[PDB]
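S.K.: sequence below, structure please.
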Amino acid sequence: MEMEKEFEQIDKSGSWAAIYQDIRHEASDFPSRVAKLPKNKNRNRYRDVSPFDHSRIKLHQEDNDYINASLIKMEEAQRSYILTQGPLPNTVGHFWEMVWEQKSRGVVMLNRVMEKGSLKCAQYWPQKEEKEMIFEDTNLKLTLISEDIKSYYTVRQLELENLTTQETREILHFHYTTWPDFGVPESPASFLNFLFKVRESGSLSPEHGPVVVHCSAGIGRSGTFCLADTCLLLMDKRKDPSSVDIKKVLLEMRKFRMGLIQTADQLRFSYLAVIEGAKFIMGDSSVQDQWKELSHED
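M.R.: Numbering: from 1, shown residues only. Next up is the structure itself:
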């Protein structure tokens, strides 16, 4: 069923909440035993958001290999994402260790450090060139190289140094700064513009390790980003783009991390992003320029 008509069908009947609960009901449940070990309680930001054991990212250290992060492997799309929570004060070092070990080229941040008057994430990157960060527990140095601030998202160019081997790598930080505290954005143009900026950077491409995507828990906004990217890539690939079933793609992703897409509004927004993104995928290259204008990124 053409998702655009599915969308109007659901919108007219106001059944977004009902579709969403059906997804919740069907979603996978797999063990998360390592996440619940007592030695790992201070490595989880939220008691109710844990990686499954079968898809968790393991740190390459013998002491404790645990981080709250999952690998989401989309075989048909040929895309890998790492979804993770906003780092904690005590896990910032583990976060950058994961980036290094997985050979990621990009980090996608979909939250602000403070929202709704509370802290959602540690400040885990440097704010000034001359004030670098050193993570003593994992033996990494991180330097801000350049910053590129637009009205609702910022791109940063970071240098990550493994202090043991003195190897360095360029990491791109994509920070979407204008997701509202409540609800979802009214139009997705701003959403799509940012996604296609990440794509253009090479950060999602198979030459590199998986992109790291996070918000505060790593399931809501983060899920909306991965779901829209994968759906658009599948519509690009297949002979019949109309055979992209967003609900089924979401259920596949939820085999790898629980809870992806946290609200019915986020589900609705995901449909709207994919429907609008389709116009470009199907040959209207000019739509990308519009989104940039519509986004008022100056």
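S.K.: when you work out contacts or count neighbours from here on, use the C-alpha atoms and nothing else.
M.R.: Fine.
S.K.: need the helices for the stretch 101-250 of the chain, in chain order.
M.R.: Using DSSP state H, counting those that start in this stretch, the helices of the stretch 101-250 of the chain run over 189-200, 221-237, 246-253.
S.K.: what sits up against the first one?
M.R.: Helix 189-200 is contacted from outside by 153, 174, 176, 204-205, 225, 229, 273, 276-277, 288, 291-292, 294-295, using C-alpha atoms under 8 Å, 6 or more residues apart in numbering.
S.K.: and if you look at the shortest one?
M.R.: Counting contacts by C-alpha under 8 Å, 6+ apart, the residues outside helix 246-253 that touch it are 3, 23, 26-28, 72-74, 227, 231, 260, 271.
S.K.: for stretch 265-276, same thing?
M.R.: 3-4, 7, 16, 20, 183-185, 188-189, 191-192, 220-221, 224, 227-228, 231-232, 246, 261.
S.K.: mind listing what's buried in it?
M.R.: By neighbour count on 16 or more other C-alpha atoms under 10 Å, the buried set for stretch 265-276 is 265-276.
S.K.: JSON lines please, covering the residues you listed and showing distance to residue 254 and secondary structure.
M.R.: Listed next are the buried residues of stretch 265-276 as JSON lines, based on distance: C-alpha to C-alpha, whole Å; DSSP: H, G, I helix; E, B strand; the rest coil:
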{"residue": "265", "distance to residue 254": "18", "secondary structure": "helix"}
{"residue": "266", "distance to residue 254": "15", "secondary structure": "helix"}
{"residue": "267", "distance to residue 254": "14", "secondary structure": "helix"}
{"residue": "268", "distance to residue 254": "17", "secondary structure": "helix"}
{"residue": "269", "distance to residue 254": "18", "secondary structure": "helix"}
{"residue": "270", "distance to residue 254": "15", "secondary structure": "helix"}
{"residue": "271", "distance to residue 254": "17", "secondary structure": "helix"}
{"residue": "272", "distance to residue 254": "20", "secondary structure": "helix"}
{"residue": "273", "distance to residue 254": "19", "secondary structure": "helix"}
{"residue": "274", "distance to residue 254": "18", "secondary structure": "helix"}
{"residue": "275", "distance to residue 254": "21", "secondary structure": "helix"}
{"residue": "276", "distance to residue 254": "24", "secondary structure": "helix"}
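S.K.: okay, the residues you listed in JSON lines with distance to residue 283 next?
M.R.: Listed next are the buried residues of stretch 265-276 as JSON lines, based on distance: C-alpha to C-alpha, whole Å:
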{"residue": "265", "distance to residue 283": "28"}
{"residue": "266", "distance to residue 283": "27"}
{"residue": "267", "distance to residue 283": "25"}
{"residue": "268", "distance to residue 283": "24"}
{"residue": "269", "distance to residue 283": "23"}
{"residue": "270", "distance to residue 283": "21"}
{"residue": "271", "distance to residue 283": "19"}
{"residue": "272", "distance to residue 283": "18"}
{"residue": "273", "distance to residue 283": "17"}
{"residue": "274", "distance to residue 283": "15"}
{"residue": "275", "distance to residue 283": "14"}
{"residue": "276", "distance to residue 283": "13"}
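S.K.: the strands in this structure, which residues?
M.R.: For the chain, strands defined by DSSP state E occupy the ranges 56-58, 66-74, 79-84, 106-109, 114-115, 118-119, 133-135, 140-149, 153-162, 168-176, 211-214.
S.K.: residue 45: which of those strands is closest?
M.R.: strand 66-74 (8.5 Å; C-alpha to C-alpha).
S.K.: against which helices or strands is the closest one packed?
M.R.: Strand 66-74 is packed against strand 56-58, strand 79-84, helix 246-253, with contacts defined by 3 or more C-alpha pairs under 8 Å, 6 or more residues apart in numbering; DSSP states H and E.
S.K.: of those, which is nearest residue 123?
M.R.: strand 79-84 (15.2 Å).
S.K.: tell me which strands that closest one pairs with, and in which orientation.
M.R.: Strand pairing for strand 79-84, determined by DSSP bridges: strand 66-74 (antiparallel), strand 211-214 (parallel).
S.K.: tell me how far the last one is from the chain's mean position?
M.R.: Using C-alpha atoms, centre = their mean, to the nearest Å, the mean C-alpha position of strand 211-214 is found 4 Å from that of the whole chain.
S.K.: contacting residues around residue 222?
M.R.: 83, 110, 213-215, 260-261.
S.K.: ranking those residues by neighbours, who comes first?
M.R.: residue 83 (30 neighbours; other C-alpha atoms under 10 Å).
S.K.: so that one sits against residue 218, correct?
M.R.: Yes. Counting by C-alpha atoms under 8 Å, residue 83 does reach residue 218; the two are 5.6 Å apart.
S.K.: middle-most residue in the chain, spatially?
M.R.: When C-alpha atoms, centre = their mean is applied to the chain, the residue found nearest the centroid is residue 213 (3.0 Å).
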